[PDB]
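In: Make a model of this:
(chains A and B)
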Amino acid sequence: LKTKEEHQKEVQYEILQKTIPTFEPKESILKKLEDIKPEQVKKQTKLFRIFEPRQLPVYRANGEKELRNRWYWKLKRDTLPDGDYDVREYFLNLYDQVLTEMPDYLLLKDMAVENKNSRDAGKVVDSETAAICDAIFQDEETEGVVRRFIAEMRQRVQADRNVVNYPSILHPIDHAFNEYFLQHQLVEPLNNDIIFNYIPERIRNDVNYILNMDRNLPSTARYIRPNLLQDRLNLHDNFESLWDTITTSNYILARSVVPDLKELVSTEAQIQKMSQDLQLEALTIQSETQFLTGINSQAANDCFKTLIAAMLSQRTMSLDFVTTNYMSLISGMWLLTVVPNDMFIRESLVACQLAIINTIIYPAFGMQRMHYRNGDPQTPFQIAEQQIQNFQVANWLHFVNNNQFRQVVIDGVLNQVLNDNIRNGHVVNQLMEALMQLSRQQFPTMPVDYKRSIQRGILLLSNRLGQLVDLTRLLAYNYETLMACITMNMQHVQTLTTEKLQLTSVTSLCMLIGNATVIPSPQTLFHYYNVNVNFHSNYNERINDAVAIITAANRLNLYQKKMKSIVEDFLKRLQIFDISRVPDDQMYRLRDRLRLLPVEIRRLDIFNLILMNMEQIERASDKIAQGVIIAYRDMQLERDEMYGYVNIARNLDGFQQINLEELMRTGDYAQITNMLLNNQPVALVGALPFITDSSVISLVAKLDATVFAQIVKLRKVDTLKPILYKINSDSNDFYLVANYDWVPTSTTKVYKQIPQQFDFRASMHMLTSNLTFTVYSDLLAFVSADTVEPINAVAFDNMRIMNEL
Amino acid sequence: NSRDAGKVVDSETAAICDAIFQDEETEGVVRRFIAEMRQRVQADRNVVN
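Out: Numbering: from 1, shown residues only, chains lettered A, B, ... in the order given. See below for the structure:
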């Protein structure tokens, strides 16, 4: 029965543990909270570009190679996939390629090379901009104004005004990227009034923390403001399992900040009268050496970390206690008074409050044992507040019922703060006035062995009145100066798993404490701030990176992309959760709540910069064409300036549209078959990778029509390649166009757009930014903080804590 | 083969969804109907269709 009841538990507790995303060693989350680096500030070095100017040959009418050679704006790294859906998938990857490349602060003096042909000492913004400020100067084609001007463009440096501006040559799409990163930097100027407002309000207005600023900050210092707003996902109402690690990791982060107790009373000094006052051997009790087991000095520290860190982060605490051991139960009366009773889990708060009543308080006054159904909306201290007939143990039970966390909102966040009566210790006078009277009472039927052994076990706690009023003045000051060191919101909900607090070890706190107070060191207190900023700034800068993909996947009409993938790596960047344990009803609430949020003010404007220019990148790219227009009739080739004779179309007008993406997903080739067996004109529309031929005999033999018949025999349409005739003097067999009297004719043309010409006056424009920054990433490394000597440490009222010295 | 890469309910069901799709003599109305065949999920009341 010993190894079956404890093996039936761990096969049923582990079904509940395999839905909580906490890591399996508890203490290993303390590394993953401090390992969160604050930000990665990025400064770019090369100016962001898409289009570079190339030289392409030019042909006139009656197409021949021309001596002059004219620039064009053909884009570099043109890797455009075929198909309509894979192009829009490529433009979602470019949107990730920019939001990584997006620089925070942008200097412009660093990217500045000499203009090698300028008479005055002029500078331009790039090596790759000065490379095309040179080729304009050397060409015979450029006008005598631009040859004169490009040697006279001059930058302006103003080091006193801290502004600088250099000339540049950029594509108009390339300008709106390099102008957006240059106008909206994330740097704000920093003074001594920002560092003094960065410290929390309580530890700046605290008397026993002297702060001083011993470093000068120049007029050119900037900093990055952390994106610090309360959780726009309400992760406490419906996420019962995803909140149980945010309340676990914040419990183990706050367990390493509360200080260690010092100068305790000796272990073998206090037990040698606790075994004399209780008189354990002379009783007829079954557990003789099991009263004083958990009274160690290493468990006095354990009920001081647990009692604050499960109070600082909102982690509900179940109690563990044996009801035969009344010395843990009398010391349990102090636990319910100071710690607010809505912190404990209700089914164990009831079982502790009933166990105090049913064998200490109600056998004292002689009244009957307390029968109590568990589905009762009144806790047993709420029922014995009216059926008891003292005033001292009724005005104590009026406090254990009516203490809870009184919600206040200070300094922008909501933190559950205690009341003014526990926080200065004055409640425990009302405890030990209700505890002394309960030691005088004749327990009218209890045996005389067990009556004086329990009236003396009360006088072991009621005689420590000066040092229980000096514990809760300290226990609610370590909580008070750390609660102001919390940037996230402090929501209180009943958690799913409870961090167990043993009453056998809270007895080792009430009667093992001395009058030596402990105060958090200000370098520990600043370290606990720089985690709860760095976790809260990272939690809000990964929602903004996950929202700006989910909406960018929907504005692009990009289906077939699983939104469970974008959510599960949002939880991977958050360094606490693991993905293999989150259930499917909470990664589907989370992909629902991440759709309703608005996109951030900067990640939306970059997406609107690639959404309006999604046409001009796809149109200017070679190796793909935007659909073939089949007409099944004789129409002549259009003379073109960079193609000679070519079958090109500029508009899909007068012809039926058919969408190749809708023809691929549905698999319904019932119309495109019937439009090809019958010779009816149909303009196909999509993203088609075309081929090029330079022979006239392949135009006379009409190879343009033989490529669409594979759609009928083979139902797949990925294998489709329209043709583009290119007839120039460099083409072999060109003499059939020149010598004979005929007009070249193709039955189908293709839809393709000519790349843009290079125009200098619409491509030259100044870029203006600052000259010198000094970006600081640590702001609480500037305040030189000292604590006071801890003997002279005061509470919120100016009397000192631990006033027994 | 669907518009959205969704889940049908059984491996025998998708074994006679693609065998209908990849077959030639299946009319394109049935072939279009396999494409518009995916799951629907609701998270607030946890049901799936």
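
In: after the longest strand along chain A, next one along is what?
Out: In chain A, taking DSSP state E as the definition, the longest strand is strand A:628-636. Next along the chain after strand A:628-636, taking DSSP states H and E as the criterion, comes strand A:638-640.

In: need the contact list for residue A:517.
Out: Counting by CB atoms under 8 Å, 6 or more residues apart in numbering or on different chains, residue A:517 touches A:470, A:474, A:790-791, A:793, A:801-802. C-beta coordinates here come from the backbone N, C-alpha and C atoms, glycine included.

In: Mark which of those residues are part of strands, please.
Out: Using DSSP E, no member of the contacts of residue A:517 sits in strands.

In: Does the residue lying closest to residue A:705 once chain neighbours are set aside belong to a helix, a strand or coil?
Out: In space, residue A:705 comes closest to residue A:747 once its chain neighbours are excluded; the distance is 5.2 Å by CB to CB, 6 or more residues apart in numbering or on different chains. Secondary structure for residue A:747, judged by DSSP: H, G, I helix; E, B strand; the rest coil, is strand.

In: Repeat that for the one 3 residues further on.
Out: Each residue gets one of three states, and residue A:750 gets strand by three-state DSSP.

In: for it, what are its contacts?
Out: A:625, A:627-629, A:647-649, A:688, A:690, A:722-724.

In: try residue A:459
Out: A:277, A:439.

In: returning to that earlier point: which of the contacts of residue A:750 count as buried?
Out: Buried by 16 or more other CB atoms under 10 Å in any protein chain shown: A:625, A:627-629, A:647-649, A:688, A:690, A:722-724, out of these.

In: quick one, phi/psi of the residue nearest in space to the middle of chain A?
Out: Per CA atoms, centre = their mean, the C-alpha nearest to the average position across chain A is that of residue A:539, at 2.4 Å. With angles defined as degrees, to the nearest 10, residue A:539 sits at phi -70, psi -30.

In: How much space separates it from chain B?
Out: 21 Å (CB to the nearest CB, to the nearest Å).

In: Is that residue in contact with residue A:574, as I believe?
Out: Yes. Using CB atoms under 8 Å, residue A:539 is in contact with residue A:574, at 6.3 Å.

In: wait, what's in contact with the closest residue to chain B within the stretch 1-150 of chain A?
Out: For the stretch 1-150 of chain A, the residue closest to chain B is residue A:85, as judged by CB to the nearest CB, at 10.5 Å. Each residue near residue A:85 by CB under 8 Å, 6+ apart is listed here: A:558, A:560, A:661.

In: Now the buried members of those residues.
Out: Taking 16+ other CB under 10 Å as the criterion, what is buried in the contacts of residue A:85 is residue A:661.

In: Next step: the contacts of residue A:85 restricted to helices.
Out: Per DSSP state H, helices hold the following members of the contacts of residue A:85: residue A:661.

In: Now do the helices in the stretch 251-400 of chain A.
Out: Using DSSP state H, counting those that start in this stretch, the helices of the stretch 251-400 of chain A run over residues A:267-277, A:302-312, A:326-330, A:332-338, A:346-356, A:362-365, A:380-383, A:392-395, A:397-401.
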